[PDB]
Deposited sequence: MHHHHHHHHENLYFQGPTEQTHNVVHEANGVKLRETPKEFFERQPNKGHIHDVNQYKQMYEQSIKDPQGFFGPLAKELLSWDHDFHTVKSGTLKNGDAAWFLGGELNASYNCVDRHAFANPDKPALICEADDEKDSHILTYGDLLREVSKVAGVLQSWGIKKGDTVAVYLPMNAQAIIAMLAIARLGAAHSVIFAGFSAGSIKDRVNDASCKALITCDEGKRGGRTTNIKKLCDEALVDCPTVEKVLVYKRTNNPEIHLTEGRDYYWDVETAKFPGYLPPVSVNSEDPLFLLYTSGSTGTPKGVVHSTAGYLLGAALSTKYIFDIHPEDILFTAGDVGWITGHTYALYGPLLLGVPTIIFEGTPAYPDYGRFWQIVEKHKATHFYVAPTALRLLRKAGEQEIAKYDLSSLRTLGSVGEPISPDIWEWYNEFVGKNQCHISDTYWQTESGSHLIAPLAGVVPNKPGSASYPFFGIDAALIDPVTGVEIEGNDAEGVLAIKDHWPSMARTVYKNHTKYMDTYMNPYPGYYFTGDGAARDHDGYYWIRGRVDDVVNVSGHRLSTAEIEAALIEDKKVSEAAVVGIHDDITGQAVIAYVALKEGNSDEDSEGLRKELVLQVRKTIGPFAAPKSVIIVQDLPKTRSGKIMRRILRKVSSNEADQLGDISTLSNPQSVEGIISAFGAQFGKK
């Protein structure tokens, strides 16, 4: 029994169902919860000997690295795989296109299913090369930043991979932002180019996209050129001559292959803004964390198919709609529309349509379907799923049991992934087919994450279980953000200085007698 953790008193360990293993294509990646702690204890006491080999296994290098880990949280100088060189789009596209060009890559589901398509890895290589050819033709090169203002569709996945192909950092801007929020993000990074579309389709209603760009671009002198996709092909849309150009028109000029550009492990892969602050992520570190978590926390295999019902304007689409799954050579499902269009059975038609084996979504949608589309679940077949995931905020133990039976049929594993934009990948989450669940908890911290609670009053680490306090990590990890663009002081003041030697997550949590962490919300 727990005197402190009131959430822990009387909670049955929900061992992973037996049908989860009937549906695995191959022997699971970690046998039992006992091997997970042998691999975890090594990843904390011996990061060099744990992440080194994994980096060599999961990523393809253009130059080997000479030092696995360097720096400290106190000094904000973390670095991983120093001296190595790779390319993000080579690991996400090329190396799978060479292996099996016809394997699906981007299973795109448009607003209207009448506008849906699928890109094989061989097609994704030809389209990324042509868009990278355009950007290279325009003078975009390693060290530049390129803004993206696109809905959740193929064009966004291609623009990011194309920008990363040249060694430039893509700064994705959620399609729903205003001209002001566009102006602020473009000017902070001094983007030299922007990729966008004429207008989108969000649940039947068409959205003004180019209009908001033009309104914002009038205060963005750094933007030399804009690439515009024809999502609707509406001719009343204005393109300023000499600045704006058409996706289809430019890409038609360049070949289906462009060489990737090697970047250093610690070269910025992208900027993502949360005044807004631009979180910066390294290349090697972020990519490894994205691939590891997707392989272990979701139990992804070459045959699997991931449907992250998120958006690339946020970190969830970055890591688990794009980089995570494509690094592993599995197809990912890119959903442009809403969970209510045409009706509340769209998520479920798609899972049935493509036999998706993993589903990843935030609770905020589970409360929308629990309070509207609870009947549409039985229409469609959801027998392909092994793993179901929660991302956004905490997951009610109510919605947990709802998410488990209605969508999972009491046959799936459920992983409640805790993590922020600054972490890059999952921090605390239960591994599919390994970690038994406690409804409402994130469970054990992931490889390389040395979680710890700190008494906010004294600022000392709270040893022993059955306790609460501020959540903090005692060392940095590969996918940790390395700075805030052009403002490292705010980066230190926010994460590294409140508790020297620790990384301040900004949340409060509790650890029960079993070690399971309970996320008690922001402080």
Legend entry - In sequence order, the deposited-sequence ranges that have no modelled C-alpha atom: 1-20, 295-299, 549-686
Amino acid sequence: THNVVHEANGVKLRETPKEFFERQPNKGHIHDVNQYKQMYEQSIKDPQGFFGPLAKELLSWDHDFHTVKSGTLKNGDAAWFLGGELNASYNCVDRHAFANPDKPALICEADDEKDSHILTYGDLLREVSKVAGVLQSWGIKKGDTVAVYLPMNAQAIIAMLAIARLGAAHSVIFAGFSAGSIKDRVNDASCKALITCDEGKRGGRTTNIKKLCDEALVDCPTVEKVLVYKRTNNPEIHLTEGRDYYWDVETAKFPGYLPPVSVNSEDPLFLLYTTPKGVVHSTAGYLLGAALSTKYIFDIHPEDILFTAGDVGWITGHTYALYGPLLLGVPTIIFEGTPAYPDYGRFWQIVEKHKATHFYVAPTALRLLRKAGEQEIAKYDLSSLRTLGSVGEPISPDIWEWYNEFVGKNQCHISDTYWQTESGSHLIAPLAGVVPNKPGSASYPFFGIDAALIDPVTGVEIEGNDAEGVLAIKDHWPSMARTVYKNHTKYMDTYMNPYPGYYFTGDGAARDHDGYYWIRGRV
From here on, numbers count along this sequence of modelled residues.
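In this text, rigid core is short for the largest set of C-alphas that superpose within 1.5 Å between two forms.
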Legend entry - Stretch with larger C-alpha RMS deviation in 8 other deposited structures of this protein, core superposed, 93-101 versus 385-393: 385-393
Legend entry - Which of 461-469 and 58-66 has higher mean CA B factor, as the PDB entry lists it: 461-469
Inset, instruction - With reference to the PDB entry, specify whether the mean Cα temperature factor is higher for 111-119 or for 402-410. - result: 402-410
Inset, instruction - From the list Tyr149, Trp348, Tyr229, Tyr320, select the residue with the highest C-alpha B factor recorded in the entry. - result: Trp348
Inset, instruction - Compare the CA B factors listed in the entry for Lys225, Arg185, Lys210, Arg370 and report the winner. - result: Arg370
Legend entry - Position of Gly285 among the chain's modelled residues by C-alpha B-factor, lowest, middle or highest third: lowest
Legend entry - Chain third (lowest, middle, highest) by recorded CA B-factor, residue given as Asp77: lowest
Inset, instruction - Would you please rank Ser262 by its C-alpha temperature factor against the other modelled residues of its chain and give the third it falls in: lowest, middle or highest? - result: lowest
Legend entry - Lowest, middle or highest third - CA B-factor, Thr483: lowest
Legend entry - Entry-reported Cα temperature factor of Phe335, expressed as the chain third it lands in: middle
